[PDB]
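Please read through the structure below; I'll follow up with questions.
Order of writing sets the chain letters: A, B, C, D, E, F, G, H and I. Residues in each chain are counted from 1.
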Amino acid sequence: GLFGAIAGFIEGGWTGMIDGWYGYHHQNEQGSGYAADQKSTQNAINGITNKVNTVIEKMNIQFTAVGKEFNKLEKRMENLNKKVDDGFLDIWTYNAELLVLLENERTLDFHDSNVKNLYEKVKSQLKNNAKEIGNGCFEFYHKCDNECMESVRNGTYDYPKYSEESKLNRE
Amino acid sequence: XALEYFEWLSX
Amino acid sequence: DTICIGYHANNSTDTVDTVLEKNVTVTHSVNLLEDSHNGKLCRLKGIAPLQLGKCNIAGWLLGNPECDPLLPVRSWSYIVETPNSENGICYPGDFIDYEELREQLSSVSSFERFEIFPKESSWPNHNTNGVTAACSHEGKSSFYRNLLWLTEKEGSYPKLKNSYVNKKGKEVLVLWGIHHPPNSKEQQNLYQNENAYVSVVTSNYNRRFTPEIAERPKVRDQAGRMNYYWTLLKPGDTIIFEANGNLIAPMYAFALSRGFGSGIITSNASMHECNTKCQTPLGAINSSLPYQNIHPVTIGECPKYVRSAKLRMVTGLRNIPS
Amino acid sequence: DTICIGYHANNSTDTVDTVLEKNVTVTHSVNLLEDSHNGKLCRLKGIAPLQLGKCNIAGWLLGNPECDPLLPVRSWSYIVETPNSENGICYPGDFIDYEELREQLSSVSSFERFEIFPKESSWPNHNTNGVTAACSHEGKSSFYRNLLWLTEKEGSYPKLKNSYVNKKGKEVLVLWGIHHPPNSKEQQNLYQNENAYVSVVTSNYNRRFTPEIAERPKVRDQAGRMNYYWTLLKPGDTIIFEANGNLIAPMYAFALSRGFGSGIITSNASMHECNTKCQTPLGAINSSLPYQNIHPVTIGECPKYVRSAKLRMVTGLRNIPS
Amino acid sequence: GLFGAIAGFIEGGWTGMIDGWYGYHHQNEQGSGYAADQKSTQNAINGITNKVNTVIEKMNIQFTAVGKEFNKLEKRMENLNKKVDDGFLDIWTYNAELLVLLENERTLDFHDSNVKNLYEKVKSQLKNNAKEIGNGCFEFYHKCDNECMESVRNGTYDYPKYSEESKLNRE
Amino acid sequence: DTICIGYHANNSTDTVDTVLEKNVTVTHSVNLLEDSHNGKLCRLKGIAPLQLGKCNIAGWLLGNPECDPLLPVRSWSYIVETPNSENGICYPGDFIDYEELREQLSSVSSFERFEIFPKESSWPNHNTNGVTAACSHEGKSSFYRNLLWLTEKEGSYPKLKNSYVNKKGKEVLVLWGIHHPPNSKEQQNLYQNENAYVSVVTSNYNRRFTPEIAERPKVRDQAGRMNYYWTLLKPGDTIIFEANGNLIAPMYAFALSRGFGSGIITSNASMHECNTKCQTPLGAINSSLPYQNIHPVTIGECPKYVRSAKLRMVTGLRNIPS
Amino acid sequence: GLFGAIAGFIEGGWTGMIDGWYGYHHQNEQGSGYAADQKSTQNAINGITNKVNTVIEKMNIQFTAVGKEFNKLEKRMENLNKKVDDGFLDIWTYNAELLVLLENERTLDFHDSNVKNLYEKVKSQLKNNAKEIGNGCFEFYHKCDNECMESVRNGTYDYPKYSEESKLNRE
Amino acid sequence: XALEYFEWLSX
Amino acid sequence: XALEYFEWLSX
C-alpha cells in the first residue's frame, strides 16, 4: 500500500485479534496475548462511517419515473426521450462505479496509514529501550510486565524508569 | 447507518 | 519481552475493486447495489393500484364490453396494463391525442364514473340502440358502455343540442366519437343527412367534425371508421354537443382527482396482499440502498437505477489471514 | 538550545466538510457558492429590459387597450412579464402556436411597430369601427390597437384582397384574427355572407379559415370566439389577405431584429438605475463565483445553479489554536 | 491525518507564527522566536492556488437559460423538458458537492504531508547532533546561536562543525 | 562501498496536468484523446453509404429530374447529403411531416424502387403527360420521376379510384401530391370540377384533401402550390386513392428494410475505397481511444466526443534528468 | 511530492537506469553500476496498467448519434434537443478532464510512495552496518562485494555476517 | 485568482 | 492494453 505497513513491513493480519481493526500482541513472563487499540479503531470507524453515509446521502431518492408513449408520427420526440433516458443512465452508472473505485482505493490507503501511524507512535514512545526486530515488533532491553505493556498501549510509557536497565542490557 | 463491528464501539 | 503492532484479519471472502487493483479480499464491506425484488405487485404506501385486466387505457375509458366493469369510484397509486391487452379500441378508427390523454391519467389518483347524459332522456327523437359486431360481448353484437350510437328514428334525424354543466367540483373527462360510413347510402340510412356535422364546445374547447365518406380496407370486418375525441371540462364550465348526424354521443363521463407520484406501468406480475414504498414492473423493492439494477421503471421512493452488476464499498482492511 | 517545527494556527472559525469528517475548523478557505442578489431588475450589459407592465406577450402583441402604449421602436436585453398579468387576450378565443411565438420572441432584440395596412385607406367599402366590451378601455367599449374589425358597409361585404411587400430588410411579424359568431343571424348582420372565408398567403405560408357557427358558453360575456394567427414575413416577400367576411385584419405589424442571450422571465422586482452581467427573476447577481443557489432562471453570464446550501473549499490548515 | 504530523505527533498549531503556514520556533541564549519557512509555504500556496483555480475553470460560464411554455395538449413535452432540467440539476449538484469534499480531504492531507516532510528534512540535517524530544522539537547537543539556527532553517547546517562538541555532550 | 536507491529518468518531453500543478514533464504517458481523421467518406463495417449527389432527401424521394437516377435497389450504412443541395422540391409547396420522414429513413437500411401504379394502365380516361418548368430537365419542362400529374382528358375528369395491395413483405413508402391552382379558371381547365377532392386510405391512414384556390406570390415562377404527402403501408395492407381532380398520383414507391446504426449526415468529403468502424462528416476515425474532439456527429462505433484540447494520462514518473 | 522522495530527499532521476522505474546504483571494489528493482517496477506497472484500462473501460462505445431537423414551427423542440446535446457534452467534457487530473495527481504520488518504500526497505535491512549519507545513498561500514550487493537488492542481506566488521569500522 | 495570505508571497 | 516499457515485464 501507499504507506508500506499493511502487506508491507507488516506482512499479514491477525485472526487472533477479534476486538478491533488495529492493535497489539505482547509476550512477557506473565504470558502473551492480543489487545486491539480502541482509540485508533474508533477513529477509523468514525471516519469510514461518515464516508459510507456521505456516499448514500449524495444520492437523492429516486421518485416516480415511468415511460411515455408516442404515435407513429412522433418518432423524433420518442428518440429524443430515449436519448435523454439513456444519457442520464450512462452518466449515473459512470458516476457510481467511479466513486466506489476511488473511495475504495482511498479507504485501503487510510487503513495502511493508521497502522503505520500507530507503529510510529509506539516506536517514538520506546526509543532506545527496545530494538526493532522487524515485522512491526519491538524487543525490550528490559523486563516489561503487564503494567509496563499497558503503559505502552495507552500511551504513558515511562522511558526514564527503564532507561538504566535498558542501557545495561544494550551495553 | 452504522457499522456495528465491535460491541464496544461508541455507533 | 516483546510487543508487536498489527491489524485485523478474519475469514471474510468479500472482494472489492479499486483503481490500482481488482478483486481484493477485505475484512469488512457494504453492498450499495440492490438486486432483489419480491416478484409481486403490491400496495404503494397503503394504496392499491388500478388494474385494467384485459383492457388498456383506451378500452377502459371507452367502455369496451369485454372487460369486467369496475366499481363506480376508484382511487389508486399507479396504473397497471398487461402486456397482452387484447381489448382496446374495438371499432376501428383513430384515437386523437391518445398519448396526451395517457399522460393526463398519469397524475390522476381517483375517478368517479357517472352518467353525464342519461340514455332514455337526453336524445329524444333519435334511436339509441345501435350496436356492432366489432364490439361483441358474449357472442352478441354490442357497443361501448360509455358511449351511445345515435341513429335516425322514424326516417328522420332531427338536429340535437344538449349540454352538461360541471358541478362535481372537479375536472370532468368527457369522451365522444365521430362515425365515418364507407358510402353515402349508409350515411343516409343512418343519419338521413348527407351534409351532417358535429359541434363540441366548452369555454376553452371548440371543435367541429365532418363525415368523410370513402371505401376503406376492412378492419375487424369494418370498412367504416370511428374517431374518438376527449376533453377535460373544468369545474363550473359547460360542454355543449350539437349535431345532425354521425355523433357517437357520451353517456358516462369521469370526475377526476389529481395526485402525485403515480404513473402507468406494463406488468406481468400479480397483485398480492403486501405493501411497499417502491414498485417496479418486475416486483416490489424493499430497500434503503442508494442504487438498484432491477428496472429503470419505478414508482414511489426507489434507489437510483444503474446498469452496474456490482457496487461494493470496502469498510474494513485488506484481509491477510496468512 | 532547541528548535521546533510547527504549523500555522489562527483565530478563524471557518468550517468545511470532508469525506472522512464533517465540520472541520480551518485557518483559510474560499466560498465557491454565490447566495446574494440585489433584489432589483437591472440593465444587462448596458441594455435595459423590455417590461410589459400590465400585459403579457399576447396582450402586448395584439394591442390590448388597457396597457400603456410603448414607444414605436424598442431594443432590449430580456423580456419581463409580471406574475399577475390581467391584460392579455381580451376577446375570447384560441391563440394558435402562441408558445412557438414566445419562443421566437425569445431571440428578438428589437422591434419597430409600423402601420402595415392604414385604417382609412386599405379596406374600402367596409366598416372599420367595430368595437367590443370584452376589450374595454376607460369604461367605453374598444378594440385591439394592432387589429381592425372589418364589418359590412351599407348592407354589403364585398370581397377584399390586399397585400403587403416587405421592404424593411427584416422579418415582419404579422398578426390577424378570425371571428366566429354564435349564430348565423349575427354572421349575416356582420358580414352579409353565410359562406364566408379568409385566405392568407406568403411564399412559405398558406392558410384558409372558415367560420364555424355554434352557441358557446359565455367567456367575458361573449358567446362568440376570435382565433388569433401570426406569421413571419421574410425580407422581400409579400403577404396577401383575401376575404369576404370574418377577417379581423392587421393594421400594425412588427419589424423584428434578432439577437443573442435574451429570454423571457416572470418577475416581481422593479427596474432600477443599475447594471449587471447576470439577471435572475429575484434580482441581479454580481459575482465571479462558479456556483449560485439563488435561481435556476438566469440571463447573461451567470454562475451554474445548484441546490447546495454550502460549497466551501479549504485552502488553509486544520486550525488548532490549543 | 494521513501522514501523522498535524493533530498527530505535533499536537497543535502556533498562533504566534503569523507569516506562514509552516515554520519554526527556536530557543537559544540570544533569545527565542517564530519564523515561517517561506519555500514550503510558497510551494503549498502555488499548489492550492492552482487547485482552486482549476475548480473554478472547469465550470464554464452559464449562459442564458429560461423556462418554456406548453399548451394543455403538450403535457408530455412539458414533462420531458422538466425531466431534462431536473436531471441536469441533480448531476451538477452531485458533481459540485462531491468535488468539493474530495478536494478538501486531499488538501488537509497535503498540508499534513508538507509539515511531516519539513520535520524529516530538519531531522536528517541534524542527525545525532541533537535529540528528538517529541512534539516536533529538537534539543541540540551543542550551542546553536542565531547563525546556527538560520543555517538549520535555510538548509545549510554544518554537521561536522558541531560534531565534536555534540559527541562530548552526548557522551 | 556504497549502494543508492533511485528512480528512472529519460529524455521524454511529454507533459501532463495535475490538480496541484500544471505542465509536468514525465517519463511515460498515454494519450486518451483522438484528434486525427482521414478526411474521407468510407465504408462502414463493409457497407457503402447512400450518397444523394445533387439531391437532398426530398429531391430523391419525389424523383427530381435533375439528379442522376439511382439503381433500382440500394443498401447502405448511412445517408449523406451535400451542404449545397440545389435540387430538392422543384415545384413550390409544403412537404407535410418531412422531418418525421427523415427520422424514419434514419433507420432504413435498404430500398427497392418499384412501379406501384403503372403509367399507361392505372388512370384510364385521364391525361398523364403533365409537365412544368419549375421541374425542368435539360432545358425542357419536366416532372417528378416518382409522381404523375393527372389532368382532364377530352374535356372531362372522371372520378378515379385505384388501389395497391402490399405483397412485398415489407413496409412500402407511398408518396403523393395535391395541386392548388391560383385561380378557378385553371382549376376548371385542368380538372373540370371546381368542387374536387382527393381521398387516401389504408387500414391505419385516413386523409382527405381539398383544393384551396387563391392568388399567391410567385415561387420558382409559380403562383400555384403543390403539397406533398406520404405514408408507410404495412405488409399485406391496402392503400386506396380516390379523386376527381388535383391528385398528383404515385407512380413509383419504395419497399423499405429496417436496420440499426444508420443516420443522415451532411458532408463535403468524398467517397474513397476504404473501410472504417467510425465515420464523421469530416472524415473517418480509426481509433480505440476513449475520447475524440473531431466531431459531435458520429456513425458506428466511435469514441465519446468532448470539447477538450488535451487528455493525457501520466503512467511514468516525474522526469528529472538533472 | 506527498511522500518526499521523488524531487525530495532524492533530488533527481537516473538516465543511466534504463531497465526499470525504480532501482539501485552500487559502488564497490569490483566496480559500479545500475540495476532496477523488478518486483516493485512490476507491481507499479500492474497497478498503472489496471488504472489506464479502468479509465478506458468506464467509457462505453459511443454508438451512432446524428442531428435531427425541425420545421419553423418547432423552435421549442429544436432548442430542447440542443439543450440536451449541449448538457450531455458539458458533463462529459467536465468528467473526462477532471478524472484525468485526479488520476494524474494520484499516479505521481503512487510513484513517490514506491520509491520511499523501497528506500525504507533497504534501510531497515542494513540497520547500523551502514550510514545514511543523504540523497538516498548508504555507505557500508564493511566491504560489500557483488554477492553482498545482490543480497541487499533481492532482500536477503545477512546483518550478523557483517555486524562485527561494521561495529569495528563504526567504532 | 490569488490567495493573498501573506505579503511576501510571490501571487 | 499494455504498457510495454521493458522487455522483461510480465503484459
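One rule holds in what follows: contacts are C-beta pairs under 8 Å (C-beta built on N, C-alpha and C of every residue); 3 or more make two chains touch, one makes a residue touch a chain.
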item: Chain pair with more C-beta contacts, B-C versus G-I; value: G-I
item: Interface copy of D-E among C-G, F-G or E-F, judged by whether over half of the contact pairs recur; value: F-G
item: Rounded Å distance between subunit A and subunit B, as computed from the means of their C-alpha atoms; value: 15
item: Whole-Å gap separating subunit E and subunit G, where each centre is the average of the chain's CA atoms; value: 22
item: Centroid distance [mean C-alpha coordinates] between subunit F and subunit C, Å; value: 36
item: Multi-partner residues of subunit D (each touching 2 or more other chains); value: 19-20, 30, 99, 103, 315-316
item: Contacts with two or more other chains, residues of subunit G listed in rising order; value: 3, 20, 48, 52, 54, 56, 59-60, 65, 68, 70, 74, 76-77, 79-80, 84, 91-92, 97, 101-103, 105-106, 110
item: Junction residues of subunit I, two or more chains touched; value: 3, 5
item: Contacting residues of subunit A [partner subunit E, same complex]; value: 3, 54, 58-60, 65, 68, 70, 77, 80-81, 84, 88, 91-92, 95, 99, 102, 106, 109-110, 113, 116-117, 120-121, 124
item: Residues of subunit E that touch subunit H when the two form their complex; value: 19-20, 38, 41-42, 45, 48-49, 52-53, 56
item: Interfacial residue positions of subunit A with respect to subunit D in the complex; value: 46-48, 50-51, 54, 103, 106, 110
item: Residues of subunit I that touch subunit G when the two form their complex; value: 1-3, 5-6, 8-10
item: Complex contacts: residues of subunit B adjacent to subunit C; value: 3, 5
